[PDB]
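One structure is given below, encoded as structure tokens.
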Amino acid sequence: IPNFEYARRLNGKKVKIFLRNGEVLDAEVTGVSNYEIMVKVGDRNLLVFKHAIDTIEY
Amino acid sequence: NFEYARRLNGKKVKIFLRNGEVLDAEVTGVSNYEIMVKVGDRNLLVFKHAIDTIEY
Amino acid sequence: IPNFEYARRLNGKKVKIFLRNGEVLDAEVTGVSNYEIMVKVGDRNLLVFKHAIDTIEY
Amino acid sequence: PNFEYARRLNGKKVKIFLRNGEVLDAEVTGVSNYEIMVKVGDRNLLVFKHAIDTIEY
Amino acid sequence: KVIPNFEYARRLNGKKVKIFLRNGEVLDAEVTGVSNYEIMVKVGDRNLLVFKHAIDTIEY
Amino acid sequence: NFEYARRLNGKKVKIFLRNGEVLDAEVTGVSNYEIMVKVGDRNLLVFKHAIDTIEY
Ligand SMILES: Nc1ncnc2c1ncn2[C@@H]1O[C@H](COP(=O)(O)O)[C@@H](O)[C@H]1O
Ligand SMILES: Nc1ncnc2c1ncn2[C@@H]1O[C@H](COP(=O)(O)O)[C@@H](O)[C@H]1O
Ligand SMILES: [Cl-]
Ligand code: NA
């Protein structure tokens, strides 16, 4: 388990999450754990596994 | 090692799998690497590595 | 809680293993380690890496 | 635990089903935590375990 | 480990590189940070967090 | 932990990547997660997770 990750400072930000299948989420980040990012996308709440993310634009 | 996935135990969720399948699931258990679910009359062990997103 | 997993509880059971490539194994589980599942499928003996498994129906 | 079922395969003839759909008719010559060393035909290969789906033995 | 284990990627911090992602994209990138799990880059006028698991190769 | 990959340093090898590309490579360094190579007139950092097999 890493002690430092840049993903932590994404909390509360509006970002673009590029998923490994080619979909993109216009997301607001509501939580970050070592392996998950929690987001709101429109009216949906999602848990996103980091392993399913390629890049995040912020 | 805090995880949000553990908060989902007992809840109805939609699990989006890496192959494109979507599970209309009730979460029955969560471990470090697995999520146990009921889907219809099926009982499944789902590996987290095979999950992309979960809608809850 | 260290090393707790549900997969080892499938030991000795008949299960359906859904592999990441879309193949499905009608399997009898004979052993479970941290990263591997040992199974019998018909007359074949297989080592299945957990990373290659999507779901197991039991 | 310091246990791997893959270690049972050392020195054995096996079929390795890779994630890309290829199958290796392999003789296992070594097993590390992350790799399986094999002879296939006249070739020596390092096979990463993460690229393996199943092994028939 | 507070002092990182050796990795070649940290030598690329501050450099211009081409990152080849698993999805077939190439990023013309300036590396601005490296963690255990991520590589931070500037691409055009975009700021990206790139997960190492999504990278195949880096040409430098 | 033991890595067979360390033994490949300085050798000419064929690296079969997960996307189907094949690198005709000279290995110039090996770390826990990376293999550094020369291919043509290019220098590449290759993540081990992107490699399927290496012929050597
Ligand atoms: N220590 C942990 N605690 C909780 N979940 C984990 C842990 N390690 C890995 N995971 C999850 O399991 C997936 C597969 O693990 P790995 O094969 O180690 O990458 C990860 O991408 C996470 O979603
Ligand atoms: N402690 C670490 N030091 C350097 N790179 C790492 C470390 N942990 C993970 N990585 C990289 O991040 C990738 C993530 O894969 P995984 O750990 O399997 O989710 C690995 O394949 C490595 O390239
Ligand atoms: Cl650095
Ligand atoms: Na650390």
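Positions of Cβ are generated from backbone atoms using ideal geometry, with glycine treated the same way; all protein chains shown enter the neighbour counts. Bear in mind these aren't lab numbers, they're just calculated from the coordinates by the rules spelled out.
To keep it simple, each residue is scored yes or no on (1) touching a residue at least 12 places away in the same chain (Cβ under 8 Å); (2) within 24 Å of E:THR32 (Cβ to Cβ).
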{"position": "A:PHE4", "(1), (2)": "no, yes"}
{"position": "A:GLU23", "(1), (2)": "no, no"}
{"position": "A:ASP26", "(1), (2)": "yes, yes"}
{"position": "A:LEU46", "(1), (2)": "yes, no"}
{"position": "A:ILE53", "(1), (2)": "yes, yes"}
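Can you tell me how many residues within the range B:21-56 are at negative phi and either more than 16 Å from ligand 1 (Cβ to nearest atom) or basic (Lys, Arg) (or both)?
15
Filter the range A:1-10 down to the residues that are outside any loop (DSSP other than H, G, I, E, B) and either more than 21 Å from E:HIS53 (Cα to Cα) or hydrophobic (A, V, I, L, M, F, W, C) (or both), then identify the one that is nearest to ligand 1 (Cβ to nearest atom).
Filtering first and then ranking leaves A:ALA7.
Just give me the residues in the range C:12-24 being surrounded by 13 or more Cβ atoms within 10 Å (Cβ to Cβ) and either of a type in the set (S, T, N, Q) or over 24 Å from D:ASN20 (Cβ atoms) (or both), in sequence order.
Residues satisfying the conditions are C:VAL15, C:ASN21.
Report yes if E:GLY33 is over 15 Å from F:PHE47 (Cβ atoms), without any contact (Cβ under 8 Å) to a residue 40 or more places away in the chain and under 9 Å from the mean Cα position of the chain (by Cα), otherwise no.
Yes, satisfied.
Can you tell me which residues in the range E:11-38 are facing another protein chain (nearest Cβ under 9 Å), within 16 Å of ligand 2 (Cβ to nearest atom) and in a strand (DSSP E or B)?
Within the range E:11-38, E:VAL17, E:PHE20, E:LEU21, E:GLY33, E:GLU38 qualify.
Return a yes/no flag: does the range A:25-35 have any residue that is of a type in the set (D, E, K, R), surrounded by fewer than 19 Cβ atoms within 10 Å (Cβ to Cβ) and closer than 15 Å to B:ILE54 by Cα.
Checking the range A:25-35: not a single residue is of a type in the set (D, E, K, R), surrounded by fewer than 19 Cβ atoms within 10 Å (Cβ to Cβ) and closer than 15 Å to B:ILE54 by Cα.
Scan the range A:36-58 for residues that are farther than 24 Å from E:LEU21 by Cα and either loosely packed, with under 15 Cβ neighbours inside 10 Å or more than 11 Å from the chain's Cα centre (by Cα) (or both) and jot them down.
Selection gives A:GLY42, A:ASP43, A:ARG44, A:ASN45.
Would you point out the residue of the range E:11-35, among those that are in contact with a helix residue (DSSP H, G or I) (Cβ under 8 Å, 6 or more places away or on another chain) and under 23 Å from F:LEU17 (Cβ atoms), that is nearest to ligand 1 (Cβ to nearest atom)?
Per the criteria, the residue is E:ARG22.
Taking the residues in the range F:23-52 that are outside any strand (DSSP E or B) and surrounded by fewer than 22 Cβ atoms within 10 Å (Cβ to Cβ) as candidates, determine which candidate is nearest to the chain's Cα centre (by Cα).
F:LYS48
Could you say which residue among F:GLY10, F:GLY20 is more than 16 Å from ligand 2 (Cβ to nearest atom), free of Cβ contacts under 8 Å to residues at least 24 places away in the same chain, outside any strand (DSSP E or B) and under 29 Å from A:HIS51 (Cα atoms)?
So the residue among F:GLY10, F:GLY20 that is more than 16 Å from ligand 2 (Cβ to nearest atom), free of Cβ contacts under 8 Å to residues at least 24 places away in the same chain, outside any strand (DSSP E or B) and under 29 Å from A:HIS51 (Cα atoms) is F:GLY20.
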